[PDB]
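Asker: Pasting a structure here, questions to come.
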Amino acid sequence: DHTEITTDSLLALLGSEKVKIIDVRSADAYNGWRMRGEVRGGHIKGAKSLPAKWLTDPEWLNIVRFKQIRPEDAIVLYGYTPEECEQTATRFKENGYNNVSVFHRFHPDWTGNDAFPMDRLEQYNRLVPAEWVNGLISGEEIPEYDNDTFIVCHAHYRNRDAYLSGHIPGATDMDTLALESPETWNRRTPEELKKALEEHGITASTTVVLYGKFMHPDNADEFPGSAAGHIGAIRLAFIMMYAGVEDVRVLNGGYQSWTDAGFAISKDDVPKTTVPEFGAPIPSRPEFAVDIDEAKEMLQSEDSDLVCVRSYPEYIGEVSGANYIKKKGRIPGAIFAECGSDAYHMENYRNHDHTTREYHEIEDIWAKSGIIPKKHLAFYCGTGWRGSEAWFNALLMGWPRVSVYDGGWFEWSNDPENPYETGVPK
Ligand SMILES: *SS[C@H]1NC=C(C[C@@H](C(=O)O)[N+](C)(C)C)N1
Ligand SMILES: [Br-]
Ligand SMILES: [Cl-]
Ligand SMILES: [Mg+2]
Ligand SMILES: [Zn+2]
């Protein structure tokens, strides 16, 4: 039996540092998706995201603490209904949080009056929920979509089994080698790009929906990237967006999210349906891609920064980060934005279910090191995969000048003329 907080008391508490307001709905609803047909979607201004879905995760309590939600705080929970909050509030009280309220009236009361402040992930419609994808493939009517032509694409890196072992019904598979070169690990040339997309059945006016499957990347193995399918997907989204595919979506949390929602999976080897003309000059969005000359410019410019999205061991030069990279070190002058544990994991940018981490946290961490939207930013990692994921996050926030420096450490370290640092920073 939980305390209730009224609409009015809550409104008067929105600036209080001791109150933590916690949205227990899915991360996609938090982000903006109007999952119940609500007119204004997103979250109560200043609310944190803690999906009720995550209650079955053993590390639940560490997530909460890592979100800086403390027993001294006044916790106010809300969902689509008060009932979805029941289990969360119990769980809080069971772990020593004695000040816990539930707000009953988020929808329709808070959402359906414009005096009540809400916030949302500005380009949330590019980061789609499973149910939207289901709607799309089922012929159903769905929000944030006014197109007649789509294609669901399962990304992988030389591992068709990641697709054949189970995929979204009707999706075709795209190897990441179709759009990037194994020589440079950079995007392919315009001509190749054109030909590969045509042959994958994609025009500039097609709504492409990208996802991949997480298969527990193991650093020991020859091709750990073959198991990091949803990073690969976001990488391909980058390239398609650069190319000039106007509407690219990424399924949030990958294949995982589709199955977690209990939707059916296929094992067919779906053949491609080619199209003859992409229908647009490639690349339409060249500003998304930055190359080494420009990268160098950006390093000696107040207006701009390179953002290093690698692991800490890579950063200090303990490991190269991959088995085809010989040199260990970092690019001098970049801003570190620690990806996670190694080159095939993105823990700092993701939740345990692989969905994007609460965007406010990404924002504030980035802000603490001067990664801010008024700069031209180029995100990079070893070859551009984690760079892409970081870039995509910034993009989702509406950041006006974000890029991927494609070459990354692999390109930079391949010229022995290029300077580099190593060891613990100074
Ligand atoms: S951004 S460093 C690394 N993270 C995952 C990749 C992809 C890479 C790999 O599988 O190691 N390939 C596909 C070889 C570019 N980059
Ligand atoms: Br992944
Ligand atoms: Cl680096
Ligand atoms: Mg590259
Ligand atoms: Zn917000």
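Please note that chains go A, B, ... in the order of the structure tokens, that every chain numbers its residues from 1, and that ligands are numbered from 1 in the order shown.
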Within 12 Å of ligand 2 (counting only C-alpha atoms and all ligand atoms), which residues show up? I'd like them as a JSON list (two decimals) with N, CA, C and O atoms, in the first residue's frame.
Answerer:
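Result saved to result_24.json:
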```
[["chain", "number", "residue", "atom", "x", "y", "z"],
["A", 154, "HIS", "N", 18.53, -6.80, -41.63],
["A", 154, "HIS", "CA", 19.28, -7.43, -40.54],
["A", 154, "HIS", "C", 20.78, -7.30, -40.85],
["A", 154, "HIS", "O", 21.29, -7.93, -41.78],
["A", 155, "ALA", "N", 21.49, -6.48, -40.10],
["A", 155, "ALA", "CA", 22.92, -6.31, -40.34],
["A", 155, "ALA", "C", 23.74, -7.42, -39.70],
["A", 155, "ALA", "O", 23.39, -7.96, -38.67],
["A", 156, "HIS", "N", 24.85, -7.74, -40.33],
["A", 156, "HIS", "CA", 25.86, -8.59, -39.71],
["A", 156, "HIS", "C", 27.20, -8.39, -40.42],
["A", 156, "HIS", "O", 27.27, -7.80, -41.48],
["A", 157, "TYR", "N", 28.24, -8.89, -39.81],
["A", 157, "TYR", "CA", 29.59, -8.87, -40.36],
["A", 157, "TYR", "C", 30.01, -10.31, -40.60],
["A", 157, "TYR", "O", 30.25, -11.05, -39.65],
["A", 162, "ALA", "N", 23.83, -15.30, -38.26],
["A", 162, "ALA", "CA", 23.16, -14.35, -37.33],
["A", 162, "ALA", "C", 21.73, -14.01, -37.85],
["A", 162, "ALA", "O", 20.84, -13.75, -37.05],
["A", 211, "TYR", "N", 18.49, -3.35, -37.88],
["A", 211, "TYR", "CA", 18.70, -3.99, -36.60],
["A", 211, "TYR", "C", 19.76, -5.04, -36.81],
["A", 211, "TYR", "O", 20.02, -5.44, -37.92],
["A", 212, "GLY", "N", 20.28, -5.53, -35.70],
["A", 212, "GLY", "CA", 21.23, -6.61, -35.63],
["A", 212, "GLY", "C", 21.06, -7.42, -34.37],
["A", 212, "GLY", "O", 20.32, -7.02, -33.46],
["A", 213, "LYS", "N", 21.76, -8.55, -34.29],
["A", 213, "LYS", "CA", 21.58, -9.46, -33.17],
["A", 213, "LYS", "C", 22.88, -9.52, -32.34],
["A", 213, "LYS", "O", 23.94, -9.76, -32.89],
["A", 214, "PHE", "N", 22.74, -9.33, -31.03],
["A", 214, "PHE", "CA", 23.80, -9.47, -30.09],
["A", 214, "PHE", "C", 24.04, -10.93, -29.85],
["A", 214, "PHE", "O", 23.14, -11.59, -29.41],
["A", 215, "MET", "N", 25.25, -11.43, -30.10],
["A", 215, "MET", "CA", 25.58, -12.84, -29.88],
["A", 215, "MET", "C", 26.75, -13.09, -28.98],
["A", 215, "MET", "O", 27.47, -14.05, -29.19],
["A", 216, "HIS", "N", 26.88, -12.28, -27.93],
["A", 216, "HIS", "CA", 27.96, -12.37, -26.89],
["A", 216, "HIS", "C", 29.38, -12.30, -27.43],
["A", 216, "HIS", "O", 30.11, -13.27, -27.35],
["A", 217, "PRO", "N", 29.78, -11.14, -27.97],
["A", 217, "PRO", "CA", 31.11, -10.96, -28.58],
["A", 217, "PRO", "C", 32.19, -11.33, -27.63],
["A", 217, "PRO", "O", 32.16, -10.88, -26.50],
["A", 218, "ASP", "N", 33.09, -12.17, -28.11],
["A", 218, "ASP", "CA", 34.20, -12.72, -27.35],
["A", 218, "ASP", "C", 35.52, -12.26, -27.99],
["A", 218, "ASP", "O", 35.82, -12.58, -29.12],
["A", 224, "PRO", "N", 35.15, -11.25, -33.57],
["A", 224, "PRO", "CA", 34.18, -10.87, -32.53],
["A", 224, "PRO", "C", 33.04, -9.98, -33.02],
["A", 224, "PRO", "O", 31.97, -10.05, -32.45],
["A", 225, "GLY", "N", 33.27, -9.19, -34.08],
["A", 225, "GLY", "CA", 32.30, -8.29, -34.66],
["A", 225, "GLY", "C", 31.13, -8.97, -35.30],
["A", 225, "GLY", "O", 30.01, -8.39, -35.40],
["A", 226, "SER", "N", 31.36, -10.22, -35.71],
["A", 226, "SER", "CA", 30.30, -11.10, -36.22],
["A", 226, "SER", "C", 29.20, -11.35, -35.17],
["A", 226, "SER", "O", 28.06, -11.67, -35.52],
["A", 227, "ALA", "N", 29.56, -11.21, -33.89],
["A", 227, "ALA", "CA", 28.59, -11.28, -32.78],
["A", 227, "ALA", "C", 28.02, -9.91, -32.29],
["A", 227, "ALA", "O", 27.18, -9.90, -31.39],
["A", 228, "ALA", "N", 28.46, -8.79, -32.87],
["A", 228, "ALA", "CA", 28.01, -7.46, -32.40],
["A", 228, "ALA", "C", 27.11, -6.84, -33.45],
["A", 228, "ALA", "O", 27.36, -5.74, -33.98],
["A", 229, "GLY", "N", 26.05, -7.57, -33.77],
["A", 229, "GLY", "CA", 25.23, -7.23, -34.87],
["A", 229, "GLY", "C", 24.46, -5.93, -34.79],
["A", 229, "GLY", "O", 24.28, -5.27, -35.81],
["A", 230, "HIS", "N", 24.00, -5.53, -33.63],
["A", 230, "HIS", "CA", 23.30, -4.25, -33.56],
["A", 230, "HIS", "C", 24.21, -2.99, -33.60],
["A", 230, "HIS", "O", 23.81, -1.99, -34.14],
["A", 231, "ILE", "N", 25.45, -3.05, -33.10],
["A", 231, "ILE", "CA", 26.45, -1.99, -33.42],
["A", 231, "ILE", "C", 26.64, -1.91, -34.96],
["A", 231, "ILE", "O", 26.67, -0.84, -35.58],
["A", 232, "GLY", "N", 26.72, -3.07, -35.58],
["A", 232, "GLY", "CA", 26.92, -3.08, -37.02],
["A", 232, "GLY", "C", 25.77, -2.42, -37.74],
["A", 232, "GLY", "O", 25.97, -1.71, -38.72],
["A", 233, "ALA", "N", 24.58, -2.68, -37.24],
["A", 233, "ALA", "CA", 23.37, -2.07, -37.78],
["A", 233, "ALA", "C", 23.38, -0.56, -37.72],
["A", 233, "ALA", "O", 23.03, 0.13, -38.69],
["A", 234, "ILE", "N", 23.79, -0.03, -36.58],
["A", 234, "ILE", "CA", 23.86, 1.41, -36.40],
["A", 234, "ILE", "C", 24.96, 1.95, -37.29],
["A", 234, "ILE", "O", 24.80, 3.04, -37.88],
["A", 235, "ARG", "N", 26.04, 1.19, -37.47],
["A", 235, "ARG", "CA", 27.10, 1.59, -38.40],
["A", 235, "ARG", "C", 26.57, 1.71, -39.80],
["A", 235, "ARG", "O", 26.86, 2.69, -40.49],
["A", 251, "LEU", "N", 16.00, -0.18, -35.05],
["A", 251, "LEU", "CA", 15.20, -0.78, -34.03],
["A", 251, "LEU", "C", 15.96, -0.69, -32.70],
["A", 251, "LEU", "O", 17.06, -1.24, -32.57],
["A", 252, "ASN", "N", 15.35, -0.08, -31.71],
["A", 252, "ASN", "CA", 16.03, 0.13, -30.44],
["A", 252, "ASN", "C", 16.24, -1.17, -29.67],
["A", 252, "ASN", "O", 15.29, -1.86, -29.40],
["A", 253, "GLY", "N", 17.50, -1.49, -29.32],
["A", 253, "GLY", "CA", 17.85, -2.76, -28.64],
["A", 253, "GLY", "C", 18.00, -4.00, -29.53],
["A", 253, "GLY", "O", 18.31, -5.10, -29.06],
["A", 254, "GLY", "N", 17.83, -3.84, -30.82],
["A", 254, "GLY", "CA", 18.11, -4.90, -31.76],
["A", 254, "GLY", "C", 17.09, -6.02, -31.77],
["A", 254, "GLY", "O", 15.95, -5.83, -31.37],
["A", 255, "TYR", "N", 17.54, -7.19, -32.24],
["A", 255, "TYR", "CA", 16.68, -8.39, -32.36],
["A", 255, "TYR", "C", 16.06, -8.74, -31.01],
["A", 255, "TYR", "O", 14.91, -9.07, -30.92],
["A", 256, "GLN", "N", 16.87, -8.68, -29.98],
["A", 256, "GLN", "CA", 16.48, -8.75, -28.60],
["A", 256, "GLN", "C", 15.13, -8.10, -28.27],
["A", 256, "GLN", "O", 14.24, -8.70, -27.66],
["A", 343, "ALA", "N", 36.24, -3.36, -27.73],
["A", 343, "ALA", "CA", 35.77, -2.80, -29.00],
["A", 343, "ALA", "C", 34.43, -3.31, -29.48],
["A", 343, "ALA", "O", 33.84, -2.76, -30.43],
["A", 344, "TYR", "N", 33.94, -4.37, -28.86],
["A", 344, "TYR", "CA", 32.72, -5.02, -29.34],
["A", 344, "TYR", "C", 31.53, -4.84, -28.40],
["A", 344, "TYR", "O", 30.50, -5.45, -28.62],
["A", 345, "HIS", "N", 31.71, -4.02, -27.34],
["A", 345, "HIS", "CA", 30.67, -3.70, -26.35],
["A", 345, "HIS", "C", 30.57, -2.15, -26.12],
["A", 345, "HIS", "O", 31.59, -1.43, -26.13],
["A", 346, "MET", "N", 29.33, -1.69, -25.86],
["A", 346, "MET", "CA", 28.97, -0.28, -25.69],
["A", 346, "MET", "C", 28.21, -0.05, -24.38],
["A", 346, "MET", "O", 27.21, 0.65, -24.37],
["A", 347, "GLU", "N", 28.70, -0.59, -23.27],
["A", 347, "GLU", "CA", 27.97, -0.50, -22.00],
["A", 347, "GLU", "C", 27.64, 0.93, -21.52],
["A", 347, "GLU", "O", 26.59, 1.14, -20.92],
["A", 349, "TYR", "N", 26.85, 3.40, -23.30],
["A", 349, "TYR", "CA", 25.89, 4.03, -24.16],
["A", 349, "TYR", "C", 24.60, 3.22, -24.28],
["A", 349, "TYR", "O", 23.72, 3.54, -25.11],
["A", 350, "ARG", "N", 24.47, 2.21, -23.43],
["A", 350, "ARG", "CA", 23.40, 1.23, -23.55],
["A", 350, "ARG", "C", 22.96, 0.73, -22.19],
["A", 350, "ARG", "O", 23.70, 0.79, -21.22],
["A", 351, "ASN", "N", 21.76, 0.19, -22.16],
["A", 351, "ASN", "CA", 21.22, -0.51, -21.00],
["A", 351, "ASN", "C", 21.57, -2.01, -21.18],
["A", 351, "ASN", "O", 22.14, -2.41, -22.25],
["A", 352, "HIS", "N", 21.23, -2.83, -20.18],
["A", 352, "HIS", "CA", 21.52, -4.30, -20.26],
["A", 352, "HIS", "C", 20.78, -5.01, -21.41],
["A", 352, "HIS", "O", 21.32, -5.95, -22.00],
["A", 353, "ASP", "N", 19.61, -4.49, -21.79],
["A", 353, "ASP", "CA", 18.82, -5.03, -22.90],
["A", 353, "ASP", "C", 19.24, -4.42, -24.30],
["A", 353, "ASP", "O", 18.56, -4.60, -25.30],
["A", 354, "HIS", "N", 20.36, -3.70, -24.35],
["A", 354, "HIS", "CA", 20.92, -3.16, -25.54],
["A", 354, "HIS", "C", 20.24, -1.94, -26.03],
["A", 354, "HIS", "O", 20.62, -1.43, -27.06],
["A", 355, "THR", "N", 19.22, -1.44, -25.35],
["A", 355, "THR", "CA", 18.56, -0.21, -25.84],
["A", 355, "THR", "C", 19.50, 0.95, -25.52],
["A", 355, "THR", "O", 20.35, 0.82, -24.64],
["A", 356, "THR", "N", 19.31, 2.08, -26.20],
["A", 356, "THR", "CA", 20.14, 3.25, -25.92],
["A", 356, "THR", "C", 19.95, 3.70, -24.45],
["A", 356, "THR", "O", 18.83, 3.71, -23.91],
["A", 385, "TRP", "N", 32.67, 1.82, -36.08],
["A", 385, "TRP", "CA", 31.42, 1.16, -35.60],
["A", 385, "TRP", "C", 30.88, 1.80, -34.31],
["A", 385, "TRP", "O", 29.72, 2.21, -34.25],
["A", 386, "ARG", "N", 31.71, 1.89, -33.28],
["A", 386, "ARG", "CA", 31.29, 2.51, -32.02],
["A", 386, "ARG", "C", 31.16, 4.00, -32.21],
["A", 386, "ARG", "O", 30.30, 4.62, -31.60],
["A", 389, "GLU", "N", 27.65, 4.58, -33.35],
["A", 389, "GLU", "CA", 26.64, 4.48, -32.32],
["A", 389, "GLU", "C", 26.58, 5.74, -31.48],
["A", 389, "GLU", "O", 25.49, 6.15, -31.09]]
```
Asker: Listing only residues of chain A within 6 Å of ligand 5, what is the closest atom pair and its distance in Å (to one decimal) for each, using only C-alpha atoms and all ligand atoms, sorted by chain and residue number ascending, as CSV?
Answerer:
```
residue,atom,partner,partner_atom_place_in_ligand_line,distance
A:45,CA,ligand 5,1 (Zn),5.2
A:46,CA,ligand 5,1 (Zn),5.1
A:119,CA,ligand 5,1 (Zn),4.5
A:120,CA,ligand 5,1 (Zn),5.6
```
Asker: Per DSSP on the backbone, filter stretch 109-160 of chain A down to the residues in helix (DSSP H, G or I) and report them as a PDB file with C-alpha atoms, in the first residue's frame.
Answerer:
```pdb
ATOM      1  CA  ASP A 109      -3.829  14.230 -16.909  1.00  0.00           C
ATOM      2  CA  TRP A 110      -0.209  15.306 -17.307  1.00  0.00           C
ATOM      3  CA  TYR A 124      12.975   9.970 -31.307  1.00  0.00           C
ATOM      4  CA  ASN A 125      11.169   8.843 -34.437  1.00  0.00           C
ATOM      5  CA  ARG A 126      14.453   7.557 -35.882  1.00  0.00           C
ATOM      6  CA  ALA A 130       9.392  -3.325 -31.858  1.00  0.00           C
ATOM      7  CA  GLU A 131       5.623  -2.670 -32.068  1.00  0.00           C
ATOM      8  CA  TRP A 132       6.192   0.014 -34.640  1.00  0.00           C
ATOM      9  CA  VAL A 133       8.190  -2.456 -36.685  1.00  0.00           C
ATOM     10  CA  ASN A 134       5.442  -5.026 -36.296  1.00  0.00           C
ATOM     11  CA  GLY A 135       2.833  -2.503 -37.382  1.00  0.00           C
ATOM     12  CA  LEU A 136       4.973  -1.589 -40.389  1.00  0.00           C
ATOM     13  CA  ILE A 137       5.438  -5.125 -41.722  1.00  0.00           C
TER      14      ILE A 137
END
```
Asker: Mind dumping a table of every chain A residue within 6 Å of ligand 3, with the nearest atom pair and its distance in Å to one decimal, using only C-alpha atoms and all ligand atoms, sorted by chain and rising number, as a Markdown table?
Answerer:
```
| residue | atom | partner | partner_atom_place_in_ligand_line | distance |
| --- | --- | --- | --- | --- |
| A:308 | CA | ligand 3 | 1 (Cl) | 5.4 |
| A:315 | CA | ligand 3 | 1 (Cl) | 5.8 |
| A:330 | CA | ligand 3 | 1 (Cl) | 3.5 |
| A:331 | CA | ligand 3 | 1 (Cl) | 4.4 |
| A:409 | CA | ligand 3 | 1 (Cl) | 5.7 |
```
Asker: Report as an MDAnalysis selection string all protein, DNA and RNA residues lying within 12 Å of residue A:8, evaluated on only C-alpha atoms, omitting residues in the same chain fewer than 3 positions from it.
Answerer: chainID A and resid 4:5 11:14 103 105:106 109:110 115:116
Asker: Keeping only N, CA and C atoms, take the residues you just selected and write them out as a PDB file, in the first residue's frame.
Answerer:
```pdb
ATOM      1  N   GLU A   4       0.240   8.214  -2.337  1.00  0.00           N
ATOM      2  CA  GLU A   4      -0.096   8.874  -3.585  1.00  0.00           C
ATOM      3  C   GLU A   4       0.367  10.340  -3.533  1.00  0.00           C
ATOM      4  N   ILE A   5       0.839  10.833  -4.677  1.00  0.00           N
ATOM      5  CA  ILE A   5       1.200  12.233  -4.860  1.00  0.00           C
ATOM      6  C   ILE A   5       0.243  12.832  -5.882  1.00  0.00           C
ATOM      7  N   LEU A  11       3.943  18.953  -9.573  1.00  0.00           N
ATOM      8  CA  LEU A  11       4.312  20.148 -10.326  1.00  0.00           C
ATOM      9  C   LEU A  11       5.152  21.105  -9.459  1.00  0.00           C
ATOM     10  N   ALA A  12       4.765  21.293  -8.213  1.00  0.00           N
ATOM     11  CA  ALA A  12       5.537  22.177  -7.356  1.00  0.00           C
ATOM     12  C   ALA A  12       6.866  21.541  -6.915  1.00  0.00           C
ATOM     13  N   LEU A  13       7.126  20.281  -7.274  1.00  0.00           N
ATOM     14  CA  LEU A  13       8.387  19.633  -6.866  1.00  0.00           C
ATOM     15  C   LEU A  13       9.376  19.377  -8.039  1.00  0.00           C
ATOM     16  N   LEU A  14       9.145  19.963  -9.206  1.00  0.00           N
ATOM     17  CA  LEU A  14       9.918  19.615 -10.377  1.00  0.00           C
ATOM     18  C   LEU A  14      11.333  20.077 -10.353  1.00  0.00           C
ATOM     19  N   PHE A 103       2.594   8.426  -8.703  1.00  0.00           N
ATOM     20  CA  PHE A 103       1.763   9.463  -9.303  1.00  0.00           C
ATOM     21  C   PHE A 103       0.797   8.771 -10.282  1.00  0.00           C
ATOM     22  N   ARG A 105      -1.612   9.938 -12.317  1.00  0.00           N
ATOM     23  CA  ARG A 105      -2.335  10.738 -13.307  1.00  0.00           C
ATOM     24  C   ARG A 105      -1.434  11.245 -14.473  1.00  0.00           C
ATOM     25  N   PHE A 106      -0.442  10.451 -14.873  1.00  0.00           N
ATOM     26  CA  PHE A 106       0.497  10.903 -15.897  1.00  0.00           C
ATOM     27  C   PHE A 106      -0.235  11.012 -17.194  1.00  0.00           C
ATOM     28  N   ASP A 109      -3.738  12.919 -17.515  1.00  0.00           N
ATOM     29  CA  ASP A 109      -3.829  14.230 -16.909  1.00  0.00           C
ATOM     30  C   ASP A 109      -2.632  15.090 -17.217  1.00  0.00           C
ATOM     31  N   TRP A 110      -1.431  14.541 -17.052  1.00  0.00           N
ATOM     32  CA  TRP A 110      -0.209  15.306 -17.307  1.00  0.00           C
ATOM     33  C   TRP A 110      -0.010  15.423 -18.795  1.00  0.00           C
ATOM     34  N   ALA A 115       0.118  22.977 -19.775  1.00  0.00           N
ATOM     35  CA  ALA A 115       0.727  23.608 -18.613  1.00  0.00           C
ATOM     36  C   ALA A 115       1.663  22.653 -17.878  1.00  0.00           C
ATOM     37  N   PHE A 116       1.548  21.345 -18.090  1.00  0.00           N
ATOM     38  CA  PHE A 116       2.423  20.380 -17.427  1.00  0.00           C
ATOM     39  C   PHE A 116       3.656  20.070 -18.269  1.00  0.00           C
TER      40      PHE A 116
END
```
Asker: For chain A against ligand 4, with a cut-off of 8 Å and counting only C-alpha atoms and all ligand atoms, what is the closest atom pair and its distance in Å to one decimal for every residue that makes the cut, ordered by chain and number, as JSON lines?
Answerer:
```
{"residue": "A:180", "atom": "CA", "partner": "ligand 4", "partner_atom_place_in_ligand_line": "1 (Mg)", "distance": 7.8}
{"residue": "A:184", "atom": "CA", "partner": "ligand 4", "partner_atom_place_in_ligand_line": "1 (Mg)", "distance": 6.5}
{"residue": "A:185", "atom": "CA", "partner": "ligand 4", "partner_atom_place_in_ligand_line": "1 (Mg)", "distance": 4.4}
{"residue": "A:186", "atom": "CA", "partner": "ligand 4", "partner_atom_place_in_ligand_line": "1 (Mg)", "distance": 3.5}
{"residue": "A:187", "atom": "CA", "partner": "ligand 4", "partner_atom_place_in_ligand_line": "1 (Mg)", "distance": 6.5}
{"residue": "A:382", "atom": "CA", "partner": "ligand 4", "partner_atom_place_in_ligand_line": "1 (Mg)", "distance": 7.3}
{"residue": "A:383", "atom": "CA", "partner": "ligand 4", "partner_atom_place_in_ligand_line": "1 (Mg)", "distance": 3.9}
{"residue": "A:384", "atom": "CA", "partner": "ligand 4", "partner_atom_place_in_ligand_line": "1 (Mg)", "distance": 4.4}
{"residue": "A:385", "atom": "CA", "partner": "ligand 4", "partner_atom_place_in_ligand_line": "1 (Mg)", "distance": 7.6}
{"residue": "A:405", "atom": "CA", "partner": "ligand 4", "partner_atom_place_in_ligand_line": "1 (Mg)", "distance": 7.4}
{"residue": "A:406", "atom": "CA", "partner": "ligand 4", "partner_atom_place_in_ligand_line": "1 (Mg)", "distance": 3.7}
{"residue": "A:407", "atom": "CA", "partner": "ligand 4", "partner_atom_place_in_ligand_line": "1 (Mg)", "distance": 3.9}
{"residue": "A:408", "atom": "CA", "partner": "ligand 4", "partner_atom_place_in_ligand_line": "1 (Mg)", "distance": 5.8}
{"residue": "A:410", "atom": "CA", "partner": "ligand 4", "partner_atom_place_in_ligand_line": "1 (Mg)", "distance": 7.5}
{"residue": "A:411", "atom": "CA", "partner": "ligand 4", "partner_atom_place_in_ligand_line": "1 (Mg)", "distance": 7.3}
```
Asker: Between A:205, A:62, A:289, A:22, single out the one closest to residue A:247, counting only C-alpha atoms.
Answerer: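 Checking each of A:205, A:62, A:289, A:22 against residue A:247, counting only C-alpha atoms, the winner is A:205.
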Asker: For residue A:1, list every protein, DNA or RNA residue within 10 Å, evaluated using only C-alpha atoms, and leave out those in the same chain fewer than 4 positions away; present the list as number ranges by chain.
Answerer: A: 86, 89-90
Asker: May I have the selected residues written with C-alpha atoms, as a PDB file, in the first residue's frame?
Answerer:
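Final output, saved to again_35.pdb:
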```pdb
ATOM      1  CA  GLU A  86       3.168  -1.324  -8.099  1.00  0.00           C
ATOM      2  CA  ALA A  89       7.453   0.664  -5.648  1.00  0.00           C
ATOM      3  CA  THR A  90       7.514  -2.640  -3.715  1.00  0.00           C
TER       4      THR A  90
END
```
Asker: Give the answer as one residue: which of A:141, A:221, A:173, A:277 has the shortest atom-to-atom distance to ligand 1, using only C-alpha atoms and all ligand atoms?
Answerer: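 The closest residue to ligand 1 is A:221.
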Asker: Taking the DSSP assignment computed from this structure's backbone, write out as an MDAnalysis selection string all residues of stretch 50-87 of chain A that belong to strand (DSSP E or B).
Answerer: chainID A and resid 74:78
Asker: Filtering to C-alpha atoms, could you give me those residues as a PDB file, in the first residue's frame?
Answerer:
```
ATOM      1  CA  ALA A  74      11.966  11.137  -2.363  1.00  0.00           C
ATOM      2  CA  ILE A  75      11.135   8.687  -5.198  1.00  0.00           C
ATOM      3  CA  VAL A  76       8.033   9.426  -7.225  1.00  0.00           C
ATOM      4  CA  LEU A  77       7.088   6.729  -9.732  1.00  0.00           C
ATOM      5  CA  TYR A  78       4.758   7.020 -12.675  1.00  0.00           C
TER       6      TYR A  78
END
```
Asker: Find the residues around stretch 238-242 of chain A up to 6 Å (only C-alpha atoms counted), leave out those fewer than 6 positions away in its own chain, and share them as a list in words.
Answerer: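 Listed by chain and then number, they are residues 283, 285, 286 and 288 of chain A.
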Asker: Emit the selected residues as a CSV table (one decimal), in the first residue's frame, including C-alpha atoms.
Answerer:
```csv
chain,number,residue,atom,x,y,z
A,283,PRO,CA,26.5,11.0,-51.0
A,285,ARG,CA,24.9,14.0,-46.6
A,286,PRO,CA,28.6,14.2,-46.9
A,288,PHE,CA,28.1,13.2,-41.7
```
Asker: For residue A:334, which of A:311, A:31, A:304, A:101 is the closest residue, counting only C-alpha atoms?
Answerer: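 Residue with the minimum atom-to-atom distance to residue A:334: A:304.
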Asker: Name the closest residue to ligand 1 among the candidates A:2, A:310, A:43, A:326; distances are taken between atoms, counting only C-alpha atoms and all ligand atoms.
Answerer: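 Of the candidates, the smallest distance to ligand 1 is held by A:310.
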